[PDB]
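First, one chain by itself in structure tokens, the form deposited without its partner chain.
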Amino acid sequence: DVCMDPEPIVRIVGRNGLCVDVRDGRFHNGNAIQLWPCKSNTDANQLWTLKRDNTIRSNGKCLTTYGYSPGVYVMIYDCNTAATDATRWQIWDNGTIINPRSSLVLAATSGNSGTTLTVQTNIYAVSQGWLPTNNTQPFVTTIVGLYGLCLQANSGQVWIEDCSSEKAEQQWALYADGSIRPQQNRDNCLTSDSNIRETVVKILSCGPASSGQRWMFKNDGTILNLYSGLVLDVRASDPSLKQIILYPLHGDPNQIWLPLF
């Protein structure tokens, strides 16, 4: 057959690992969609059916964009009385939830609980990365690379070094928003300062939830900064420079990694 595709009921996690939430669980038309700490209960307002017809539904109503301009908010609304083009979203494999008529993406321009969701111009930013799951906590992996060495954080600095099975400094949290976080300061994010070659990648505050803080583990084993289209690179195949950078893709072993859990 053609692949049936099903209608999974699922949470949607995003910025700083919080959930897509109908505010206060009031399903009146026009009420806002917010970021809220992911619950562990049955409450329908963080549970979303991904319908065959490209609608995302909670309790019966449709996730709906208030409009088609950047910055306008997203509401729960009756699926039949709403504008059909405002109820349709594509969930992408690189983590972005886009509204086709608008070409704008479900966004969380702030990281605090209660933040109102918006649609913004897509810049593959951490504020715009989502994932549908009932798995509330992030994926904690070591990240093995060149010469079988491990990605390691030490305060702001990050480099690869010999893999020690203890070392918490080598544990990483892959967040639903596409950020890669040091296990010991989940407030902080694997970060590129610039969209240019040989940008040295650091650990900084996730505060900005920026394009340079979003990553995707790809099928060829690279790790891609979506906005820049560059990938993680052990600079010059030299661990001892203690510098992981951004570099156009060529696929040699200094750009291949693997999430070993």
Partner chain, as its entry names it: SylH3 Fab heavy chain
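Numbering follows the first chain given and starts at 1.
From this point on, the text means the form deposited with its partner chain bound, which you will not see here.
Out of the listed residues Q157, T84, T116, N185, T116 is the one that sits within 4.5 Å of its partner chain in the entry with it bound by at least one heavy atom. Checked against its partner chain in the entry with it bound, the candidates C206, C62, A32, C38 yield a single residue with a heavy atom inside 4.5 Å, and that residue is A32. Contact annotation: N112 falls within 4.5 Å of its partner chain in the entry with it bound, judged by heavy atom distances.
Along 54-74, a single residue, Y73, places a heavy atom within 4.5 Å of its partner chain in the entry with it bound.
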